[PDB]
Amino acid sequence: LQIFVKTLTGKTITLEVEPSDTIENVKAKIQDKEXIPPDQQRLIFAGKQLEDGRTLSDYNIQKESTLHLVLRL
């Protein structure tokens, strides 16, 4: 299952995930690609900010869905 993540600076990060992954698991993939501690990340999907104990399938995040990464570093 592939999803995209866009950052305020511009660029896309593409992630390999699983439908039952937690948002915490998705932050840990972004931490692997970008060096950013999970507590400094917010992920927004279609307007709505994602909570770390919920899963992608909880929010109906499907293949080719786009998440927006917002930082407070």
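In this chain, numbering begins with 1 at the start of the sequence shown. Side-chain atoms are counted along with the backbone in the values below, which use heavy atoms only and exclude waters and symmetry mates.
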Subject >> With sequence neighbours excluded, residues passing side-chain contact (heavy atoms from CB on, under 4.5 Å) with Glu16 >> reply: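 Scan of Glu16 (side-chain contact (heavy atoms from CB on, under 4.5 Å), adjacent residues dropped) gives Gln2.
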Taking side-chain contact (heavy atoms from CB on, under 4.5 Å) as the definition, give me every residue that meets it alongside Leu1, ordered by chain and number, with sequence neighbours left out.
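Result, side-chain contact (heavy atoms from CB on, under 4.5 Å) vs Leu1: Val17, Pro19, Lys63.
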Determine whether [X] and [Y] make a side-chain contact, defined as any pair of heavy atoms from C-beta on separated by less than 4.5 Å.
X: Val70; Y: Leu8; result: no
X: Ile30; Y: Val5; result: yes
X: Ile23; Y: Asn25; result: no
X: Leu67; Y: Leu15; result: no

### Query
What residue among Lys29, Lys11, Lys27 forms salt bridge (charged side-chain N to carboxylate O under 4.0 Å, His left out) with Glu34?
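The salt bridge (charged side-chain N to carboxylate O under 4.0 Å, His left out) with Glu34 is passed solely by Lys11 among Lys29, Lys11, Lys27.
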Side-chain donor or acceptor of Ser57 paired with backbone N/O of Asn60 under 3.5 Å
no
Discussion item. Between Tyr59 and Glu51 (side chain of the first, backbone of the second, donor and acceptor by atom type, cut-off under 3.5 Å), is there such a pair?
Written reply: yes
(Q) Please tell me whether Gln41 and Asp39 have a donor and an acceptor in their side chains that are separated by less than 3.5 angstrom. (A)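 Checked: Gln41/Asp39 side chains show no N/O donor-acceptor pair below 3.5 Å.
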CD of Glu24 to CD of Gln31, rounded to nearest 0.5 Å, is 9.5 Å
Rounded to the nearest 0.5 angstrom, the OG1-NZ distance for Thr12 and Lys6 is 2.5 Å
